[PDB]
2 protein chains.
Amino acid sequence: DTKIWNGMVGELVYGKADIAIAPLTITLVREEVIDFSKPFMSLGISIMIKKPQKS
Amino acid sequence: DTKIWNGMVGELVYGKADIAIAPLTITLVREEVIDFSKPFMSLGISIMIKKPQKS
């Protein structure tokens with residue numbers, strides 16, 4: 001409704017922070033409001049399961 | 001010696017091509033001469049072996 005970026009983006013768009021070195025997902029809506037560097041950590045959705053156990 | 005980029009970079013730096021949509025490794029020496037987009041295909045050096053031959 002207010003279309004206010006909160007968080008670290010709201011600290012970068014509104015000038016409260018000079019840069020954000022943090023785990024931050026580069027999305028297209030975040031791309032248009034702040035300039036990202038090239039990604040240092042490629043990742044994605046992964047599968048966490050228990051380790052198998054003898055039974 | 002001549003410090004001439006060949007290839008598609010030599011087609012982009014020297015204006016012979018307007019854009020390069022191609023499999024192209026984003027390196028730092030290539031970053032300074034042409035502007036890359038954010039990477040669409042994260043990858044790296046992988047291990048190709050034969051499939052096991054259980055018979």
# chains A, B, ... in the order shown; residues from 1 in each chain; ligands from 1

$ calpha_fit_rmsd --fixed "chain A" --moving "chain B"
0.7 Å

$ residues_around --residues "range 10-23 of chain A" --least-positions-apart "3" --cutoff "7 Å" --atoms "only C-alpha atoms" --output "count of residues only"
5

$ atom_distance --atom1 "CA of residue 4 in chain B" --atom2 "CA of residue 32 in chain B"
13.8 Å

$ residues_around --residues "residue 42 in chain A" --least-positions-apart "3" --cutoff "12 Å" --atoms "only C-alpha atoms" --output "mmCIF file with N, CA and C atoms, in the first residue's frame"
data_model
loop_
_atom_site.group_PDB
_atom_site.id
_atom_site.type_symbol
_atom_site.label_atom_id
_atom_site.label_comp_id
_atom_site.auth_asym_id
_atom_site.auth_seq_id
_atom_site.Cartn_x
_atom_site.Cartn_y
_atom_site.Cartn_z
ATOM 1 N N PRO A 23 23.845 -11.400 3.320
ATOM 2 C CA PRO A 23 23.131 -12.372 2.483
ATOM 3 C C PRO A 23 21.837 -11.777 1.963
ATOM 4 N N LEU A 24 21.801 -11.493 0.667
ATOM 5 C CA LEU A 24 20.675 -10.778 0.092
ATOM 6 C C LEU A 24 20.336 -11.342 -1.279
ATOM 7 N N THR A 25 19.105 -11.825 -1.423
ATOM 8 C CA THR A 25 18.678 -12.426 -2.676
ATOM 9 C C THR A 25 18.466 -11.354 -3.733
ATOM 10 N N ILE A 26 19.162 -11.497 -4.855
ATOM 11 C CA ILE A 26 19.036 -10.543 -5.950
ATOM 12 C C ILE A 26 17.755 -10.864 -6.707
ATOM 13 N N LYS A 38 27.848 -8.341 -9.115
ATOM 14 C CA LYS A 38 27.737 -9.687 -9.655
ATOM 15 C C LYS A 38 27.743 -10.695 -8.508
ATOM 16 N N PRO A 39 26.948 -11.763 -8.598
ATOM 17 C CA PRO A 39 26.747 -12.640 -7.438
ATOM 18 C C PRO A 39 27.994 -13.429 -7.072
ATOM 19 N N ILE A 45 17.208 -23.394 -3.921
ATOM 20 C CA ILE A 45 16.428 -24.211 -3.005
ATOM 21 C C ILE A 45 16.971 -25.629 -2.998
ATOM 22 N N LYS B 38 23.536 -9.784 -15.352
ATOM 23 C CA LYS B 38 23.620 -10.720 -14.243
ATOM 24 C C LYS B 38 23.527 -12.148 -14.777
ATOM 25 N N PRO B 39 24.285 -13.089 -14.209
ATOM 26 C CA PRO B 39 24.404 -14.417 -14.821
ATOM 27 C C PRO B 39 23.114 -15.219 -14.745
ATOM 28 N N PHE B 40 22.677 -15.692 -15.908
ATOM 29 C CA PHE B 40 21.511 -16.551 -16.020
ATOM 30 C C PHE B 40 21.836 -18.017 -15.785
ATOM 31 N N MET B 41 23.089 -18.424 -15.986
ATOM 32 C CA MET B 41 23.445 -19.840 -15.907
ATOM 33 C C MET B 41 24.681 -19.968 -15.016
ATOM 34 N N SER B 42 24.447 -20.236 -13.735
ATOM 35 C CA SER B 42 25.548 -20.535 -12.834
ATOM 36 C C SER B 42 26.037 -21.956 -13.073
ATOM 37 N N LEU B 43 27.355 -22.125 -13.070
ATOM 38 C CA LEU B 43 27.965 -23.400 -13.420
ATOM 39 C C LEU B 43 29.382 -23.430 -12.870
ATOM 40 N N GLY B 44 30.145 -24.418 -13.323
ATOM 41 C CA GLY B 44 31.544 -24.502 -12.966
ATOM 42 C C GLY B 44 32.168 -25.766 -13.512
#

$ select_by_dssp --residues "chain A" --states "helix (DSSP H, G or I)" --output "VMD selection string"
chain A and resid 7 to 12 28 to 31

$ atom_distance --atom1 "CA of residue 2 in chain A" --atom2 "CA of residue 36 in chain A"
23.9 Å

$ closest_residue --among "B:54, B:46, B:8, B:31" --to "chain A" --atoms "only C-alpha atoms"
B:31
